[PDB]
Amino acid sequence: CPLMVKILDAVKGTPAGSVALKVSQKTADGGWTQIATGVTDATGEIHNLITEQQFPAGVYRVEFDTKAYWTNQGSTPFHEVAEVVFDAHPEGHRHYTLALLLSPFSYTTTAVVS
């Protein structure tokens, strides 16, 4: 599990369950190719999102459907989506955890790189 997510709901103080996300890798011509999708469980995580094989060095984009999450909770949110874009160097069993803290009009994207 070289790419992990942890999404928290800052209003409820619980992980954000059922958040749809997708992972894209930057291609040679500068475009994006989608390599995985998933939805967070009740713990705000997604296990086995991608494998080491799918996660070579490069630039990646994780897009979180935060709007749907808030719309479903009954809140009108600001952001259409939450985008996390970063260069990955996973060569060496390097784990990446994308922590995301959500409020209707704010989010925090932090990274923990082990």
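All residue numbers refer to positions in the sequence shown, first residue = 1.
Set 79-87 against 40-48 and average the Cα temperature factors; 40-48 ends up higher. For the pair 92-100 and 8-16, the mean Cα B-factor is higher in 92-100.
Sorting the modelled residues of the chain by their CA temperature factor places residue 55 in the highest third.
Sort the modelled residues of the chain by CA B factor and residue 34 lands in the middle third. Ranked within its chain, residue 66 lands in the lowest third, by CA B factor from the PDB record.
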